[PDB]
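So the structure is just underneath, and the comments pick up after that.
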Amino acid sequence: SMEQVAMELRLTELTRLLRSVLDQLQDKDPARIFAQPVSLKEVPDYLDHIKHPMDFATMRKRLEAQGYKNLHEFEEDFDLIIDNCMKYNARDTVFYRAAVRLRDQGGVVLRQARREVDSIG
């Protein structure tokens with residue numbers, strides 16, 4: 001149908017917008033602490049602590065599969081990165097501190113993406 005195609009064009013453009021948002025968020029992690037999944041070879045007990053792991057490479061796989069239907073879903077995943085880190089790591093660690101900085105700096109980016117998604121539909 002012509003409707004299914006128009007829908008597919010919207011999703012593609014949403015994916016395009018979220019790709020730029022992801023790139024902007026990831027620049028706020030210059031140390032690449034959140035770039036890849038926490039290694040289960042190197043932290044073998046991680047899943048006893050964190051039940052829903054997340055990281056920027058895993059978000060990127062979902063993104064390119066057009067697996068995000070709206071910004072809310074995308075935010076949920078970003079928020080997992082931060083919240084998982086702030087639980088697993090203590091307050092006085094480079095990891096926790098990196099999460100706080102990513103949260104604070106990403107808020108600005110997410111604030112405007114919400115307006116752009118509402119605006120452009």
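Following the order of the structure tokens, chains are lettered A, B, ..., residues in each are numbered from 1, and ligands are numbered from 1.
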- Residue neighbourhood residue A:58, 12 Å, only C-alpha atoms, exclusion window fewer than 5 positions, as an MDAnalysis selection string: chainID A and resid 22 34:38 52:53 63:65 67 74 77:78 80:81
Convert the current residue selection to file output with N, CA, C and O atoms, as a CSV table (one decimal), in the first residue's frame.
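Output file result_13.csv follows:
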```
chain,number,residue,atom,x,y,z
A,22,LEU,N,22.1,10.0,18.4
A,22,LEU,CA,23.0,9.1,19.0
A,22,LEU,C,24.5,9.5,18.8
A,22,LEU,O,25.3,9.4,19.8
A,34,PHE,N,31.2,3.9,27.6
A,34,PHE,CA,29.8,3.3,27.2
A,34,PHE,C,29.7,2.8,25.8
A,34,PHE,O,28.7,2.4,25.3
A,35,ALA,N,30.8,2.8,25.1
A,35,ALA,CA,30.9,2.4,23.7
A,35,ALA,C,30.5,1.0,23.4
A,35,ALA,O,29.9,0.7,22.3
A,36,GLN,N,30.8,0.0,24.3
A,36,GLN,CA,30.6,-1.4,24.0
A,36,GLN,C,30.0,-2.1,25.2
A,36,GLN,O,30.1,-1.5,26.3
A,37,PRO,N,29.4,-3.2,25.1
A,37,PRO,CA,28.9,-3.9,26.2
A,37,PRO,C,29.9,-4.2,27.3
A,37,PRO,O,31.1,-4.4,27.0
A,38,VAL,N,29.5,-4.2,28.6
A,38,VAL,CA,30.4,-4.6,29.6
A,38,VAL,C,30.7,-6.1,29.3
A,38,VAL,O,29.8,-6.9,29.1
A,52,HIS,N,19.3,-5.7,32.6
A,52,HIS,CA,19.2,-5.2,31.3
A,52,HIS,C,20.4,-4.3,30.8
A,52,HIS,O,20.3,-3.1,30.8
A,53,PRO,N,21.4,-5.0,30.4
A,53,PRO,CA,22.6,-4.2,30.0
A,53,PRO,C,22.4,-3.4,28.8
A,53,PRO,O,21.5,-3.8,27.9
A,63,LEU,N,19.1,0.7,16.2
A,63,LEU,CA,18.8,1.8,15.3
A,63,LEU,C,18.9,1.5,13.8
A,63,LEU,O,17.9,1.8,13.1
A,64,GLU,N,19.9,0.8,13.4
A,64,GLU,CA,20.1,0.6,12.0
A,64,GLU,C,19.1,-0.5,11.4
A,64,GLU,O,18.8,-0.6,10.3
A,65,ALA,N,18.7,-1.4,12.3
A,65,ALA,CA,17.5,-2.2,12.1
A,65,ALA,C,16.2,-1.5,12.1
A,65,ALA,O,15.1,-2.1,12.0
A,67,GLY,N,14.8,-0.3,14.6
A,67,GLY,CA,14.2,-1.0,15.7
A,67,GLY,C,13.6,0.0,16.8
A,67,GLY,O,13.0,-0.4,17.8
A,74,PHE,N,14.1,5.0,22.4
A,74,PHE,CA,15.5,5.4,22.3
A,74,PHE,C,16.0,5.9,23.6
A,74,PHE,O,17.0,5.5,24.1
A,77,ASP,N,16.6,3.3,26.3
A,77,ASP,CA,18.0,2.6,26.2
A,77,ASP,C,19.1,3.5,26.6
A,77,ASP,O,20.0,3.0,27.3
A,78,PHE,N,19.0,4.8,26.3
A,78,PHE,CA,20.1,5.7,26.8
A,78,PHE,C,20.1,5.8,28.3
A,78,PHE,O,21.2,5.7,29.0
A,80,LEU,N,19.2,3.4,30.4
A,80,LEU,CA,19.7,2.2,30.9
A,80,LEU,C,21.2,2.3,31.0
A,80,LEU,O,21.8,1.8,32.0
A,81,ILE,N,21.9,2.8,29.9
A,81,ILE,CA,23.4,3.0,30.0
A,81,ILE,C,23.8,3.7,31.3
A,81,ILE,O,24.7,3.2,32.1
```
- What is the distance, in Å and to one decimal place, between atom CA of residue A:118 and atom CA of residue A:24? 19.1 Å
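Near residue A:106, within a cut-off of 10 Å and counting only C-alpha atoms, sit the residues residues 21, 22, 24, 25, 26, 27, 28, 29, 78, 100, 101 and 111 of chain A, with same-chain residues fewer than 5 positions away left out.
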